[PDB]
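Okay, so here's the structure we're looking at.
Read-outs: derived from the displayed coordinates by stated rules, not from any lab. A quick note on method: Cβ atoms are made from the backbone with ideal geometry, for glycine too, and the neighbour counts reach across all protein chains shown.
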Amino acid sequence: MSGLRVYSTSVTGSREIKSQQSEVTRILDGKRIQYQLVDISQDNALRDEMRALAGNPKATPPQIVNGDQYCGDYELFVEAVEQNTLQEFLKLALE
């Protein structure tokens, strides 16, 4: 059983972060995906829970997670669809 929980910021804090979260959900939304959104903006616990499990207190709201592990981030995911690599990060070639 493999799930997908993308992190984001509902309340939003910065003015640029909104541009990132939008681009992320934009692609997924257009793809008509049924993934959840683990927004840390809800509870502060998610903030100190994501940075910990992520092993990096420099990350950002946009973070792709597969269940309970660090799947990727904004740069990665976005850096994939660009060259059509998104699969290598999503399906990882499960043909």
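Does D43 count as under 21 Å from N66 (Cβ atoms) and free of Cβ contacts under 8 Å to residues at least 40 places away in the same chain? For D43, the condition - under 21 Å from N66 (Cβ atoms) and free of Cβ contacts under 8 Å to residues at least 40 places away in the same chain - is not met.
Anything in segment 12-57 that is of a type in the set (V, I, T), assigned to a loop (DSSP other than H, G, I, E, B) and under 22 Å from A80 (Cα atoms)? List them, or say none. Scanning segment 12-57 gives a single hit, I33.
Surrounded by 14 or more Cβ atoms within 10 Å (Cβ to Cβ) and in contact with an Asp or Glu (Cβ under 9 Å, 6 or more places away or on another chain): is that true of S8 in this structure? The answer is yes for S8. Taking first residues from segment 72-95 that are in contact (Cβ under 8 Å) with a residue 12 or more places away in the chain and partners that are in a loop (DSSP other than H, G, I, E, B) and of a type in the set (A, V, I, L, M, F, W, C), the Cβ contacts under 8 Å between residues at least 6 apart in sequence or on separate chains come to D73/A59. I'd like the residue in segment 14-23 that is under 19 Å from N44 (Cβ atoms) and in contact (Cβ under 8 Å) with a residue 24 or more places away in the chain and, out of all such residues, is surrounded by the most Cβ atoms within 10 Å (Cβ to Cβ). If we take residues in segment 14-23 being under 19 Å from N44 (Cβ atoms) and in contact (Cβ under 8 Å) with a residue 24 or more places away in the chain, then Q21 is surrounded by the most Cβ atoms within 10 Å (Cβ to Cβ). Screening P62 with (1) in contact with a helix residue (DSSP H, G or I) (Cβ under 6 Å, 6 or more places away or on another chain); (2) loosely packed, with under 15 Cβ neighbours inside 10 Å gives one miss only, at (2). Look at (1) in contact (Cβ under 8 Å) with a residue 40 or more places away in the chain; (2) within 18 Å of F89 (Cβ to Cβ) and you find that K31 fails only one, number (1).
Regarding segment 3-10, can at least one residue be identified that is closer than 22 Å to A80 by Cβ and of a type in the set (A, V, I, L, M)? For segment 3-10, residues closer than 22 Å to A80 by Cβ and of a type in the set (A, V, I, L, M): present.
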